[PDB]
Each structure stands twice: as structure tokens, then as C-alpha cells.
Amino acid sequence: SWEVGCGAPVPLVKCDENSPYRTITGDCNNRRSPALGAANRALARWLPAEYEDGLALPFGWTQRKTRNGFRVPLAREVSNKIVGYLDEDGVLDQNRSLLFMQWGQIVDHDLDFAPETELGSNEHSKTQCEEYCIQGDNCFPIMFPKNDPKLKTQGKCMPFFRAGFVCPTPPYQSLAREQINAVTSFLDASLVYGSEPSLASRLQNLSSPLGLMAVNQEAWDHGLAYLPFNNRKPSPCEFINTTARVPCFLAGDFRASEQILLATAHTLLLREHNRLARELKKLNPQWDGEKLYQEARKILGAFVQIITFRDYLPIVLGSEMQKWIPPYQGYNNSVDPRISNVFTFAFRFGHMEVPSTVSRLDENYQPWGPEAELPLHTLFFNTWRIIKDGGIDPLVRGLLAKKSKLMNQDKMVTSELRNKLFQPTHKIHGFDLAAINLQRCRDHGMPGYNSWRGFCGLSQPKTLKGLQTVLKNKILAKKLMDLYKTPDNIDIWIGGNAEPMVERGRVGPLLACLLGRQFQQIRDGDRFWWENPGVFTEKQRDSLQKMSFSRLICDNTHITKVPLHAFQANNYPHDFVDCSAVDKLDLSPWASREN
Ligand code: HEM
Ligand SMILES: *[C@@H]1O[C@H](CO)[C@@H](O[C@@H]2O[C@H](CO)[C@@H](O[C@H]3O[C@H](CO)[C@@H](O)[C@H](O)[C@@H]3O)[C@H](O)[C@H]2NC(C)=O)[C@H](O)[C@H]1NC(C)=O
Ligand SMILES: *[C@@H]1O[C@H](CO)[C@@H](O[C@@H]2O[C@H](CO)[C@@H](O[C@H]3O[C@H](CO)[C@@H](O)[C@H](O)[C@@H]3O)[C@H](O)[C@H]2NC(C)=O)[C@H](O)[C@H]1NC(C)=O
Ligand SMILES: *[C@@H]1O[C@H](CO)[C@@H](O[C@@H]2O[C@H](CO)[C@@H](O)[C@H](O)[C@H]2NC(C)=O)[C@H](O)[C@H]1NC(C)=O
Ligand SMILES: *[C@@H]1O[C@H](CO)[C@@H](O[C@@H]2O[C@H](CO)[C@@H](O)[C@H](O)[C@H]2NC(C)=O)[C@H](O)[C@H]1NC(C)=O
Ligand SMILES: [Ca+2]
Ligand SMILES: [F-]
Ligand SMILES: [F-]
Ligand SMILES: [F-]
């Protein structure tokens, strides 16, 4: 008895079988169990969900029920006491480019998404929740503590709706609540091509047989393309400057326009497709619109994988890289490719790497204009800055020349993300990502810190002094303890991120384990992993090993000077070489001789 069945509300079709191209929804990868890794399924559970009433209520819901005999601290008070800081001076990561942070957010959005509950294409709940903070059904407000400034100017709470959950929708029972993953589990650039047929089609240019993606027809960037605008009205990107009226962009993943620098990456990727598409058409004049689409799409997914696994992971995990992700040994069909629930919180470490400003640089990498550098908080859902203020180049240079914020125990998340966040639904720039990240842990029903420490075979502290050693920080450990009473209750997000960083890495033991586990799993379980023999020919593989994020920039913007290693900190003149010195992708092995 497993309850094994629940395969209801989810899109399903026949397995193309023996087809050399990934299905959009992620289905048909695992032949013997077709729905593994597919979009719109439940986040996998490495450990049993822990809810207040065992079944679905989060801890904190019933204001009288304890978790391990203690009251869980209000999400925002954990923010105020531990996560906040004021001095942005000294904070930058001295050997990681702002692209380091940015790539993590791409990978993240390629792997997982637990959307919010709706139930109101018009309803008094998307207003009874924001206007009166009444807890009920899917409205689980973030109450403000006594003494929070925000009390004085904002209200009684920050509205917050519980995340979507499998099987049905409506008021639900039976089993433990499981959240949905509306995105595919495999590193496959689903953020560029979509997870859904439908949406996947919308994205395509099917007015012509060139196998191109749709591009904006209203604005251009020095003859280079932009992402299409969205049909959607209302539109937050429009609401951000009622005078300008520039809607959000349309991409394979709905979160694309959340911040300007993310929209930038999305558009460099689209560009890479179209570029690949044309080139392919040149070498093989007789290929299909579909054929061109899938083939470029396959080369692109191979790209996102190579940079992630060869260039990005080695530096998030550091020395702990070798221990969780041993060299590739072939596709294993028994390895479960599904993205676990805890990963979606483990991967949120990147939030502590986001700095407070964003720069635009001129051709010599000098401040572009008088208002070059801007507060990150005016950039949430900001699209007018790209379209009407220089385009992409000024913004990509910033990613290569600036640095990320470095995780620090006394400085965790910049106030830009911590007090001034713009949520696409409501009106202000007054939300808190750290309190939300904490509240979301409880909604998803996550086990405590020690449960995960135990899961990774690491010591489990039970007293102040024990927590002091694990964290190697005396004061931090005291605050955490005064708010939680026991480490067993410490929310995984704040717990995993409070640990000191491993050698050469950028996350601690617990996080290196949970991420390290996830990545080995989504690589060993992917039938279409690029090295998996039979997916790309040997000569094609040799061609792909030369890809670099640097070249991607050369071939897709008008930048002519770039670093060789793009994630490490690079100083301009000196660390920047001319594009000609950077290896190009030789698309010649993709040639097709008929006779
Ligand atoms: C500064 C720019 C960023 C903003 C404004 C931002 C904002 C957000 C917001 C609002 C959420 C959803 C909160 C909720 O309703 O639960 C979210 C989720 C998340 N963020 Fe970020 N984020 C940013 C950067 C990053 C980066 C750099 C990373 C990692 C390297 C990251 C990783 C994640 C992860 C893993 C999720 C959960 C995804 C899911 O399963 O749905 N974010 N972010
Ligand atoms: C700034 O970050 C750089 C990357 O973390 C780092 O340089 C890297 O150091 C590692 C470890 O010593 C080396 O890794 C590579 O070693 C051989 C070549 O030496 C390669 O064949 C392997 O693939 C392996 O990855 C590299 O020497 C180097 N990485 C690269 C890509 O150049 C610096 O240590 C950091 N700067 C400071 C001051 O610490
Ligand atoms: C809302 O979006 C507006 C653009 O979509 C933006 O206005 C634009 O920004 C500045 C003025 O704030 C102007 O830049 C400069 O333009 C000429 C050069 O061509 C100079 O001579 C001017 O002195 C000016 O500094 C843009 O041309 C301007 N356009 C308009 C119609 O005002 C606003 O800044 C945005 N404001 C908000 C609320 O975010
Ligand atoms: C889909 O089809 C073609 C692909 O090239 C696009 O039309 C060209 O775009 C520019 C628009 O300024 C012009 O040079 C011509 O009108 C077109 N040239 C060609 C090749 O005929 C069109 O933009 C594409 N539509 C979308 C949204 O992708
Ligand atoms: C494929 O991955 C699975 C997932 O871990 C592995 O299956 C294990 O096989 C070993 C035998 O070497 C057993 O002792 C383990 O208990 C199995 N674990 C699970 C979860 O099945 C295995 O490493 C891989 N299979 C092969 C032989 O390639
Ligand atoms: Ca994916
Ligand atoms: F600057
Ligand atoms: F503002
Ligand atoms: F060149």
C-alpha cells in the first residue's frame, strides 16, 4: 500500500519513443517510469512532511500548538533579529562576479517552481487577506512583531498565500499536502522554451519555417532582438512607471521579468537560440522549422548544462564537489531525477549573494551616464530601463565587472530584498523576501535543521554550546537559540545558511550535501545528459566543450572585451581580452550529407 495512483490533474500524452529530442513537459525521459521529472508533478520528498496537524497545516498556524513544545518565532522577527543589516560597505564577494549570482538564479528557475494558490480570477480573498490579515484557507499572513517599523507605515501584516498542491485544488485532505513543481526537473533550458505546450508554441516564431523563437516587434536593441512583450493586463512592469508603460517580457518561465538583470540573461539566451538556428540553417539548407528548433534547442540545453556543471558548481560546492558528484559514469535509469522539496529552499542561498545596486557601464567600462548605479529595489519588474535606457550591453558589462554580495553571518540579505521587495500582485515595494523564505519553509512542511543534519550524516547540536561550534559563531548561535529554544526547530533556510562556508565553496556542509545530492541526481538520471553516449556524437561533444559564457556574450551583444573565466572576479583592462582570443563553437559536426 503506497497510494501510488494519484496521477490526476497533470498534462499527459503518448511517448514519442526513440525520438532524439526532449519532450517539452519533461515526460518520456525515464522509459520505464515516464512521469519522473515531468513538470506539474509533486516535489519529491526525501523526508516525510512535518505539519502541525500532521496532514497539511503549517507550524505557526494554530497560535497555541507548539513544535517540539515551543512556539515557532514569527517569520519577520527572525528577519529583524538575524537576517537584517545596514552597512553595505565591505560586503562584496572578492572573487565572484555578479554573474555568479545571476547564473544561480537561471539554473534555479530551470529546475523548480512552486506557484501560489489562486481561486479568484476575481475574489474577496485576494483582498480579505491583504486588507485585514485574517488567517484562513490559503491566506497565511506574515504578522508584524511588536516594534517593527513597518507597523507604523504599512499595516498589520504582509499578505502571503499558501503554495499550490497536487492531486486536486479546492479544500483538501487524505494524504500529507504536497506542493507542485510547474517546471521540469532536468537542466534543459525549460526557462527558455517553456514547460507547457501551449506556452511552448506561443513562444515560437511559426510564421516562418526558419525554426526561430518569437521576438519583440515594437522595440530593438541595435538590430539585436528583445523578448516579446506579454499579452497580460494588468501588468506589474507597466505599473512600475505608469508614464512609460512597458509590459513585462514573455519567456519560457513566468518569473523572467522579476528583476532587470534576470530579464537580461533571459534575452541573451533567446538570442543564442536564434543565432544557433540561423547558423544551422546555413550548414543544412534542407532542415525543418521543427528540426531547426529542436536541434538548436538541444545545443542550448547542452550549453546550460556544461556551464552549470563545469563552471558554476565547482565553485558553489568547492572542495565538497568531489564527494557528492563523482565523475560521470553513464545514465542510470534507477536514479530518481525529481527535484526534492528541500532543494527549493536549499537553493535559496543565492538570496544572500544579491548586492544592493546595479550598474551600467560604457564601452571602456566606465559609469554610463549620471545615474549609472541604481538601488536594486527600483529594478524589480523594471523593463522600461532596458528598452528605453541603453538596452542590454551596458547591463551585461556590469555582470562581468561588478561583484556579488558575499554571505556573511552578521550581514545576510540586503535591505533591498529584505524590506523593499515588490510582489507582482500587491502595490508596494515593502515586502520581505527573508520573512517570506522563512514563512514558505513552514508552508511546505519542512523538517527541522537537525533532521537535515542527520540526513547528511552530520552532528546534530542540542544545546547553545553545540550550536556555537557547528556555526563557529558565538553571538549568532545565541540569537537563533533565543528565538527557537531548540535547534530541532530551526527552519532549514536560516539554518543551512547560517553555517560557515566550506573550503573554496560558497555554502556550508549541510547545503553542499543537499545541493550536491540534487545535482548528481539530476545528472545521473537524465537520459539526455550531454555526455550520455548516443545523445551527441563524439565530434559534437568535442565542439561543445569549447562553449564559455564569455563567448555567449561575444556572439550575442556588441561587447568586444570580456574575461576568459567569467564567474571569478575580473578587473578591467587587464583581466579582459579581445573576443578573438575566446574559443568559438564550431557548428561543423552538425552537417548532414544526404547521398
Ligand atoms: C535579487 C534577485 C532575486 C529576487 C528579487 C528573488 C525573489 C524571489 C521570490 C519573490 C521568490 C518566491 C518567494 C515565495 O513566494 O516563496 C523567490 C524564490 C526563489 N529564489 Fe530568488 N530571488 C532573487 C534572486 C535569487 C538568486 C540569485 C537565487 C539563487 C542563486 C534565487 C533562488 C531562489 C529559489 C531557489 C526560489 C524558490 C523557487 C521555487 O521552487 O519556486 N533567487 N525568489
Ligand atoms: C579566484 O577563483 C579562481 C577559481 O576559483 C581560483 O583559481 C582556480 O584555482 C583552482 C584550484 O587551485 C584551479 O582549478 C583547476 O586546476 C587545474 C589547472 O590549475 C584545472 O585543470 C582543473 O580543471 C581545476 O579546475 C585553477 O588554478 C583556477 N581555476 C581556473 C578555472 O582558473 C583562484 O584561486 C581565486 N583567486 C584567489 C586569490 O584565490
Ligand atoms: C518613467 O519612465 C520614463 C521613460 O520611459 C522616464 O523618463 C525619461 O527619463 C529621463 C527623465 O527622467 C529622460 O532622459 C533625458 O532625456 C533627454 C535626452 O534625450 C534630456 O535632455 C533630459 O534632460 C532627460 O534627462 C528621458 O528622455 C525621459 N523621458 C520622459 C518622457 O520624461 C522616467 O524617468 C521614469 N520615471 C519613473 C517614475 O520611474
Ligand atoms: C518571424 O519571421 C521573420 C523571421 O526573419 C521576421 O520578419 C523579418 O523581420 C524584420 C522586421 O523588422 C524585417 O526585416 C522583415 O519584415 C522580416 N524579414 C524577413 C526574414 O522576411 C519576423 O520578425 C518574425 N516574427 C516574430 C515575432 O518572430
Ligand atoms: C543506479 O543508481 C541507483 C540509485 O542509488 C543505485 O542502486 C543501488 O544499487 C546498489 C548496488 O551497487 C545497491 O546496493 C543499492 O542499495 C541500490 N540503491 C538504490 C536506491 O537502488 C545504483 O548505484 C545504480 N545502479 C547501477 C548498478 O548502475
Ligand atoms: Ca528544467
Ligand atoms: F559604477
Ligand atoms: F520606490
Ligand atoms: F573573431
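Residues numbered from 1 in each chain as written, not as in the entry; some residues may be left out. Chains lettered and ligands numbered in written order. Heavy atoms only, no water.

Regarding how it was determined, this PDB entry cites X-ray crystallography in its header, along with a resolution of 3.50 Å.

As annotated in the PDB entry, the protein carries the name Lactoperoxidase and is attributed to Bubalus bubalis. You can read under Sequence similarities in the UniProt record for the protein the words "Belongs to the peroxidase family. XPO subfamily." (UniProt positions renumbered as here; feature names shortened; annotations may be inferred.)

Considerations on the coordination of the calcium ion (ligand 6)
Tetrahedral coordination by four donors sets the ideal angle at the metal to 109.5 degrees; octahedral coordination by six donors sets it to 90 or 180 degrees. Only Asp110 (O), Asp110 (OD), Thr184 (O), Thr184 (OG1), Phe186 (O), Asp188 (OD) and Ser190 (OG) from the protein coordinate the calcium ion (ligand 6), and they sit 2.3 to 2.6 Å from it. Read from N- to C-terminus, the donor residues coordinating the calcium ion (ligand 6) fall into the pattern D-x73-T-x1-F-x1-D-x1-S. Each member of the pair, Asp188 as well as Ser190, is classed as buried. (Donors = N, O, S within 2.8 Å, 3.2 Å for Na, K, Ca; no water. Buried < 20%, exposed > 50% of the residue type's maximum accessible area, 1.4 Å probe, protein only.)

Let's talk about the UniProt feature "binding site: Ca(2+)" in the protein
Residues annotated in UniProt with the feature "binding site: Ca(2+)" correspond here to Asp110, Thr184, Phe186, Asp188 and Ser190. These annotated residues cover 81 residues of sequence, but their C-alpha atoms sit close together, with the largest distance between any two at 8.4 Å. Of the annotated set, the members that line the largest cavity are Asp188. By the secondary structure assignment, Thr184 is in the loop between β5 (180-181) and α5 (190-193). Apart from the residues within four sequence positions on either side, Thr184 is in contact with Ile24, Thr25, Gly26, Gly37, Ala39, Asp110, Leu111, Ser190 and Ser195. In terms of polar contacts, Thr184 uses its side chain to reach the side chain of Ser190, at 3.5 Å. Apart from the residues lying within four places of it in its own chain, the contact partners of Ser190 are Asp110, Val183, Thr184, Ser195 and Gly252. A distance of 3.2 Å separates a polar side-chain atom of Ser190 from the backbone oxygen of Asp110. (1 Å grid on protein atoms, 1.4 Å probe; cavity = no way out; pocket = protein on both sides within 12 Å on 5 of 7 lines; lining within 4 Å. Helix = DSSP H or I, 4+ residues; strand = E, 2+ residues; numbered from the N terminus. Contact = heavy atoms within 4.5 Å. Polar contact = N/O pair within 3.5 Å; in protein donor to acceptor, adjacent residues only side chain to side chain.)

Details of the packing of helix α2 (residues 98-111) against helix α8 (residues 260-283)
One way to put it is that α2 packs onto α8 with a least axis distance of 10 Å and a crossing angle of 70°. What the angle tells us is that α2 and α8 run roughly perpendicular. In contact with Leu98, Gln102, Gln105, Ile106 and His109 of α2, α8 contributes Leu261, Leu262 and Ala265. Of the residues that constitute the contact of α2 with α8, the class distribution is 5 nonpolar, 3 polar and no charged. (Axes fitted to C-alpha atoms, helices over the stretch in contact; angles between N-to-C directions. Parallel < 35°, antiparallel > 145°, perpendicular 65-115°, else oblique. Nonpolar A, V, L, I, M, F, W, Y, C, P; charged D, E, K, R; others polar.)

Considering the UniProt feature "active site" in the protein
Taking the UniProt record as the reference, the feature "active site" is found at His109. Sequence-distant contacts of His109, that is, excluding residues within four places in its chain, are made with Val183, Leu191, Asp253, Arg255 and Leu262.

So, the coordination of the iron atom of ligand 1
For the iron atom of ligand 1, the protein contributes exactly one donor atom, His351 (NE2), at 2.2 Å. Its location among the elements puts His351 in the loop between α12 (343-346) and β8 (357-358).

Details of the site of ligand 3
The full set of residues close to ligand 3 is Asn241, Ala244, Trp384 and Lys388. Within the side chain of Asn241, an N or O atom sits 2.4 Å from an oxygen atom of ligand 3. Expressed as a share of its isolated accessible area of 750 Å², the protein-covered part of ligand 3 is 24%. Looking at the shell around ligand 3 residue by residue, the classes come out as 2 nonpolar, 1 polar and 1 charged. (Near = heavy atom within 4 Å. Areas by Shrake-Rupley, 256 points an atom, 1.4 Å probe, with all protein chains shown as cover.)

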